[PDB]
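There is one chain below, alone, in structure tokens, taken in the form solved without its partner chain.
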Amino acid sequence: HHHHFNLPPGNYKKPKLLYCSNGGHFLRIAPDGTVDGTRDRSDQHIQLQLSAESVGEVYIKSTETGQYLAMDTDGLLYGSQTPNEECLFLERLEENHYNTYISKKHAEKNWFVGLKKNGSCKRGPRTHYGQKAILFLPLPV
């Protein structure tokens, strides 16, 4: 395919917080579908349940609202009420430590899930291997 296959350890048995080491924000999918990051651990919209659709391919869903993380045709993350092709991400190990999520739909363009230091999501085309914005650590809820 277009990418390596080093996979992170850990599993999907329990929900997780997706912590971005760039600004220290947790990925958040709000009830209205907007996606961004927050440093508030008490937020009820940062609890995410991941599930494997195929080895290395995942859905990332808000446990609070049931919404799926998805990246649209112009690279913007949004919350989807139903699972579709834009909701699948290739979950990979990075720097022998972190988890990265590449849009399956746009994998050939290397579009990643990423959070900027200010907590706003990065648009797909603005992401790339090597950035801290794409590095996540799944933490217990």
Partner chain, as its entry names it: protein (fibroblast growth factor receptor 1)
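Residue numbers count along the first chain shown, from 1.
The same protein also has a form solved in complex with its partner chain, omitted here; what follows describes it.
Of the heavy atoms in residue 93, some are within 4.5 Å of its partner chain in the bound PDB entry.
A residue is said to contact a partner when one of its heavy atoms sits within 4.5 Å of a partner heavy atom; residue 78 fails this definition for its partner chain in the bound PDB entry, lying far away.
Although the partner is absent from this view, residue 73 stays clear of its partner chain in the bound PDB entry, with no non-hydrogen atom inside 4.5 angstroms. Its partner chain is not drawn, but in the bound PDB entry it has a heavy atom within 4.5 Å of residue 53.
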